[PDB]
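Chains E and F, in that order, are what the protein sequence lines are.
Read in order, the letters of the first sequence correspond to residues 309 to 359 in UniProt numbering.
Read in order, the letters of the second sequence correspond to residues 156 to 206 in UniProt numbering.
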Amino acid sequence: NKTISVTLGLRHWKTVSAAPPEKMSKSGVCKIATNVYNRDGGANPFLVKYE
Amino acid sequence: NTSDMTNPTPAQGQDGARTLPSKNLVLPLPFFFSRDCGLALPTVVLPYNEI
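Spelled out as structure tokens, the structure:
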């Protein structure tokens, strides 16, 4: 018969494990680089006992 | 129970023209983790829960 147009078999739709297992509301990391504004040094504590 | 909210106020044309203040109130929620400091939620140990 007449020519039929090709039907592109595009599927993709692999989705993504976007939903965490339960909620996986846990990505724990700690401050490491001694914060910023590293502040002063020993600030001469010394002792005050009356020698 | 401040007596600024629970005291009856008459209409505009009567002796009592006072209005109830639009202040803010605080209610602490009594929960098992709020009963005692020794009972606290281990959020670090609960990464697979959605509280």
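Using N, Cα and C, we set each Cβ at its ideal position, and we do this for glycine too.
C-alpha gap between residue i and residue j, whole angstroms
i, j, result
"F:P176", "F:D159", "7 Å"
"F:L196", "F:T161", "38 Å"
"E:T323", "E:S313", "29 Å"
"E:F354", "F:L194", "41 Å"
"E:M332", "E:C338", "18 Å"
Cβ distance (whole Å) where residue i is taken to contact residue j below 8 Å
i, j, result
"F:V199", "E:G336", "7 Å"
Could you tell me whether the region 163-173 of chain F touches the region 187-204 of chain F, using the rule of 3 or more Cβ pairs below 8 Å?
no
Segment contact, 8 Å Cβ cut-off, at least three pairs: the region 319-332 of chain E with the region 191-203 of chain F
yes
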